[PDB]
4 protein chains.
Amino acid sequence: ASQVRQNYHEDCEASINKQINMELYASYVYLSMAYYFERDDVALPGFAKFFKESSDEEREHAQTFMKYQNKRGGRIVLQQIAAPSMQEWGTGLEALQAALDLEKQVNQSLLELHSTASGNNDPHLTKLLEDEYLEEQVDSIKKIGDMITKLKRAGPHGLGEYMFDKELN
Amino acid sequence: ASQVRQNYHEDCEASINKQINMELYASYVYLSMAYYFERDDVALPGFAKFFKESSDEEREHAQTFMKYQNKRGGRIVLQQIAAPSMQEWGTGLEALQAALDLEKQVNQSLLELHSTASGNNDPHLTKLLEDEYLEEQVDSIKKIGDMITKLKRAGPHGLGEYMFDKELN
Amino acid sequence: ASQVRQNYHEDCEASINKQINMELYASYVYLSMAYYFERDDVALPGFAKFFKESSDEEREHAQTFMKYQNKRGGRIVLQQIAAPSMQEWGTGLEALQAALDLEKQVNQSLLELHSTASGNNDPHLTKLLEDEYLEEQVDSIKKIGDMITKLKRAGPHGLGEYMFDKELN
Amino acid sequence: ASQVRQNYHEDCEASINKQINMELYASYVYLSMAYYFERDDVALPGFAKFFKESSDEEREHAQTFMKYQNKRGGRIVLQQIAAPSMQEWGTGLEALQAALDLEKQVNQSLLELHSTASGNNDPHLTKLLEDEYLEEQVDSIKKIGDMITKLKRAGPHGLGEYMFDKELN
Ligand SMILES: [Fe+3]
Ligand SMILES: [Fe+3]
Ligand SMILES: [Fe+3]
Ligand SMILES: [Fe+3]
Ligand code: NI
Ligand code: NI
Ligand code: NI
Ligand code: NI
Ligand code: NI
Ligand code: NI
Ligand code: NI
Ligand code: NI
């Protein structure tokens, strides 16, 4: 084993590698959305900026897990990153609804990782998940939920979508 | 009696204690409204901020009456603070209408306190009420009335409610 | 359910609402103490300031739980706030002893909330409690314990109470 | 009559002249106390400063009434200023007790002046009394009451009197 490895279960190591792939996938989905909203026939620059920054954040989430893997003496194994589920994302509201669903899927995976870490009595890893991931995920889900409600109020189509887009820009 | 007490009628002392409870109740109502407007299915941050600041102000009104009670040599008696009349406040307009009704109820109580003070020939207390409470109350009622009119013009639902909320934020 | 709700048990939601009421009650108790110590026949401005700031802090604790309820998709339910157990709090030492007892009651409630969250496998909530509440509570209990010991040394009556009051101011 | 005189009753004019004398008398009493506390066998510099500043304030109160008399077209009539009731004021506590009694006598005179003004339907004068005199008087009575309580706690003799004197300096 690695000279640093201590109290680090192989199941947690493997689950971290799977989570790295999921974070990279989420980054790719948000990158797709970002440039969809810069199409000349879409032109929603607030949504584009929101999803560009979300894509950057998920790439950083993946990197933080890669750093963690190395810190504990596990070994990073990278797999193919799936194509985003769509090439075109529809309205601003439909993209936010897809984002909410994705964030909740990621949250479920993080909670399953926490259960794996708890069951293997790894408090360093439950700590990482609670402080660096679970809090960010709940905050993101509440923010996107708020955004869906505000957009449904303002629009969700036409002038209201145009005006809501400005609050993101 | 207190070593400081002079020209301070027991009826005014008791009426101040009842008003302290009413100010604390109004603070509680506005606190309820503030966090109602931060629900993920409401998401009106301008309304939330307006009612948060209103809640803070009413708590300060209560404290100023508590300080006054002590200044005159009366004794503060604190009672239960009733639960707000609602748990959910409806639309922004319905909350403002409830706020206007509450502010007018508080105003009526303050005017009755002024009549009690006048009838007991307490010009220090009629002074406090005129300068620190009655002016603020009339200004608040005019402001909320204005807000109701502006929101009815802009909305009061949908995009207009969304846009009006921004002027409060 | 709320569009944001995930892994949030109804028992935790209800326990958070009960804790909100307890924090508001503690705020009310400390508000009572604060203005008791500004009576002309008490006149302990250091104690008054200590309990005024404590009252503000407990109101903030309540608000942080209200924000948390909304963040997780629970629904805030506000109840009557009981009158403080006393109208007059006696000596500075007796008030600190009452405060220590109240802080330990609040701590016990927070620990029971943590046990509820743990038993329902909610690591986001055990996280909130550990980082935002349990640490503050233990620090507050140690501070008030220290204060009781210092006041018993200095006074606890007469000149020593007068001098101790200055270290709080 | 004066070219400026309007709605100014001769009874109010005479009562203002009597109040001018009372304010000057109070200034003289506090001047006596101030230098009593600078005797080599008393040596309480905090008390001395407190009463020096109180003496200055009462002289300013007299001058504000003289300015008011002129403003309304009344005519200032100045009378003998009585010697202070004592030449030696005893302990710090006895001086504060004498000051509290004097401030309450002045307050009673001001309230009688307000009743005279009210009965003669002079709202300019009831205004002056409420804003410039009655508020200051109640604040002064509460402050001296607080001071008596703090000094009784700290001392009122010996080391506690020595230490209390420092908080005034
Ligand atoms: Fe992520
Ligand atoms: Fe108010
Ligand atoms: Fe608390
Ligand atoms: Fe005066
Ligand atoms: Ni579609
Ligand atoms: Ni996020
Ligand atoms: Ni309705
Ligand atoms: Ni107001
Ligand atoms: Ni006792
Ligand atoms: Ni605390
Ligand atoms: Ni004597
Ligand atoms: Ni004064």
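Per the PDB entry, chain A goes by the name Ferritin and belongs to Penaeus japonicus. Heading Function (unreviewed entry) of the UniProt record for chain A holds this comment: "Stores iron in a soluble, non-toxic, readily available form. Important for iron homeostasis. Iron is taken up in the ferrous form and deposited as ferric hydroxides after oxidation." According to the UniProt record, the Sequence similarities (unreviewed entry) comment for chain A reads "Belongs to the ferritin family."

S.K.: An account of the overall build of chain A is needed here, citing residue identities and associated values.
M.R.: For chain A, the count of helices and strands is five helices and zero strands. Put simply, chain A runs from its N terminus to its C terminus through helices and strands in the order α-α-α-α-α. In terms of overall dimensions, chain A has C-alpha extents of about 60 × 25 × 20 Å along its principal axes. By sequence separation, contacts in chain A at least 24 residues apart represent 79% of the contacts at least 6 residues apart.

S.K.: Describe the packing of helix α4 (residues 123-154) of chain B against helix α5 (residues 158-168) of chain B, with residues and values.
M.R.: All names here are of chain B. Two numbers describe how α4 lies on α5: the axes approach to 8 Å, and their chain directions differ by 145 degrees. Helix-helix and strand crossings are classified by hand; for α4 and α5 the assignment is right-handed. For the pair formed by α4 and α5, the contact residues are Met-147, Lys-150, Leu-151 and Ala-154 on the first element and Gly-160, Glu-161, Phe-164, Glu-167 and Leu-168 on the second. Partitioned by chemical class, the residues of the contact of α4 with α5 number five nonpolar, one polar and three charged.

S.K.: Let's hear about the relation of the copies chain C and chain B: which residues, and what values?
M.R.: Once chain C is rotated about the relating axis by 180 degrees and shifted along it by 0.0 Å, it coincides with chain B to within an RMSD of 0.0 Å. As the rotation angle and translation indicate, the two copies are arranged about a two-fold axis. It is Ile81(C) whose C-alpha, among those of chain C, lies nearest the rotation axis, at 2.5 Å. A share of 100% of the interface residues of chain C reappears at the interface of chain B, consistent with the copies meeting face to face through the same patch.

S.K.: Lay out the packing of aromatic side chains with the relevant residues and their values.
M.R.: Scanning all chains against the criterion turns up 34 aromatic pairs over all chains. Taken together, a centroid distance of 3.9 Å and an interplanar angle of 10 degrees make the contact between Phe65(B) and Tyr133(B) stacked. Placement of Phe65(B) in helix α2 (residues 45-72) and of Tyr133(B) in helix α4 is noted, with a sequence separation of 68 residues between them. Each member of the aromatic cluster is reached from another via a ring pair, and the members are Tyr30(A), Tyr36(A), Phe37(A), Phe47(A), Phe50(A), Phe51(A), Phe164(A) and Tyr162(B).

S.K.: I'd like a description of helix α5 (residues 158-168) of chain D, backed by residues and values.
M.R.: Since the α-helix advances by 3.6 residues per turn, residues separated by three or four positions end up pointing in the same direction. By the burial criterion, the buried members of α5(D) are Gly160(D), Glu161(D), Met163(D), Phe164(D), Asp165(D) and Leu168(D). Buried-residue contacts for α5(D) involve α5 (158-168) of chain C together with α2 (45-72), α3 (92-119) and α4 (123-154) of chain D.

S.K.: Could you give me a rundown of empty space enclosed by the protein, with the residues and numbers involved?
M.R.: The volume enclosed by the largest cavity comes to roughly 180 Å³. Looking at the lining of the largest cavity, the elements with two or more residues in it are α1 (10-36) of chain B together with α1 (10-36) of chain C. Tallied by class, residues from the lining of the largest cavity come to eight nonpolar, two polar and two charged. Considering only enclosed or pocket space, the second largest cavity measures out at about 120 Å³ in volume. Forming the boundary of the second largest cavity are 14 residues, of which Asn107(A), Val138(A), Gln6(C), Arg72(C) and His124(C) lie nearest the centre.

S.K.: Please set out the interface of chain C and chain A residue by residue, giving values where relevant.
M.R.: Counting from both sides, the interface comprises 12 residues of chain C and, opposite them, 18 residues of chain A. Of the roughly 1,300 Å² buried between chain C and chain A on both sides combined, carbon and sulfur atoms contribute 52%. In terms of surface lost to chain A, no three residues of chain C exceed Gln3(C), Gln6(C) and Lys127(C), which account for 44% of the buried area on that side. On the surface where chain C and chain A come into contact, there are three salt bridges. Put simply, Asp139(A) and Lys71(C) hold a salt bridge, and the shortest N to O gap is 3.0 Å. Here chain C is connected to chain A by nine residue pairs in polar contact. Among the secondary structure elements, those contributing two or more residues to the side of chain C that touches chain A are α2 (45-72) and α4 (123-154) of chain C. Counting residues per element, the side of chain C that touches chain A draws most heavily on α4(C), at four residues. Split into classes, the residues belonging to the side of chain C that touches chain A amount to two nonpolar, five polar and five charged.

S.K.: Can you lay out the environment of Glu13(D) for me, pointing to particular residues and giving the numbers?
M.R.: Residue and element names in this part refer to chain D. Relative to the helices and strands, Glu-13 is located in helix α1 (residues 10-36). Sequence separation of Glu-13 and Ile-76 is 63 residues, and the distance between their C-alpha atoms is 8.5 Å. Those residues within four positions of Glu-13 in sequence are excluded, and the remaining contacts are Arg-5, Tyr-8, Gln-69, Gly-74 and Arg-75. Within polar-contact distance, the side chain of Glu-13 engages the side chain of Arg-5 at 2.8 Å.

S.K.: Give a description of the arrangement of the chains that names residues and reports values.
M.R.: Inter-chain contacts occur across five pairs of chains; the most extensive set of contacts lies between chains B and C. Separated without contact, chain A and chain D have their nearest C-alpha atoms at a distance of 48 Å.

S.K.: Tell me about the interface of chain C and chain B, and name the residues and values.
M.R.: Quite often, the size of an interface is put as the accessible area lost when its parts meet. Tallying the contact residues gives 33 residues for chain C and 33 residues for chain B. Listing elements by their share of the side of chain C that touches chain B, those giving two or more residues are α1 and α2 of chain C. Residues of the side of chain C that touches chain B, tallied by class, amount to 13 nonpolar, 12 polar and eight charged.

S.K.: How would you sum up the side chain of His61(D)? Please name residues and give values.
M.R.: Residue and element names in this part refer to chain D. Within the secondary structure, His-61 sits in helix α2. Given the relative accessible area of 10%, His-61 is considered buried. When near neighbours in sequence (up to four residues on either side) are disregarded, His-61 contacts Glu-23, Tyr-133 and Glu-136.

S.K.: Residues and numbers for the UniProt feature "binding site: Fe(3+) 5" (unreviewed entry) in chain A, please.
M.R.: Residues and elements named next belong to chain A. According to UniProt, the positions carrying the feature "binding site: Fe(3+) 5" (unreviewed entry) are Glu-57, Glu-58, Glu-103 and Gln-137. Across 81 residues, the annotated set stays spatially compact, with a maximum C-alpha separation of 12.4 Å. Lining the largest pocket, from this annotated set, are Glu-57, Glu-58 and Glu-103. Structurally, the position occupied by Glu-57 is in helix α2 (residues 45-72). Structurally, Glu-58 can be placed in helix α2. Sequence-distant contacts of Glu-58, defined by excluding residues within four places in its chain, comprise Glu-23, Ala-26, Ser-27, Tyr-30 and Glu-103.

Thresholds applied
Residues numbered from 1 in each chain as written, not as in the entry; some residues may be left out. Chains lettered and ligands numbered in written order. Part of a larger assembly, values for the part shown. Heavy atoms only, no water. Residues with missing side-chain atoms left out of burial classes, pairs and counts. UniProt positions renumbered as here; feature names shortened; annotations may be inferred. Helix = DSSP H or I, 4+ residues; strand = E, 2+ residues; numbered from the N terminus. Contact = heavy atoms within 4.5 Å. Axes fitted to C-alpha atoms, helices over the stretch in contact; angles between N-to-C directions. Left-handed = near helix turned anticlockwise from the far one by under 90°. Nonpolar A, V, L, I, M, F, W, Y, C, P; charged D, E, K, R; others polar. Least-squares fit on C-alpha atoms. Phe/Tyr/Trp six-rings, centres within 6.5 Å; stacked < 30°, edge-to-face > 60°. Buried < 20%, exposed > 50% of the residue type's maximum accessible area, 1.4 Å probe, protein only. 1 Å grid on protein atoms, 1.4 Å probe; cavity = no way out; pocket = protein on both sides within 12 Å on 5 of 7 lines; lining within 4 Å. Points joined across faces, edges and corners; volume = space filled by probe spheres on them. Buried area = accessible area lost by both parts, 1.4 Å probe. Salt bridge = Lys/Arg side-chain N within 4 Å of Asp/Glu carboxyl O. Polar contact = N/O pair within 3.5 Å; in protein donor to acceptor, adjacent residues only side chain to side chain.

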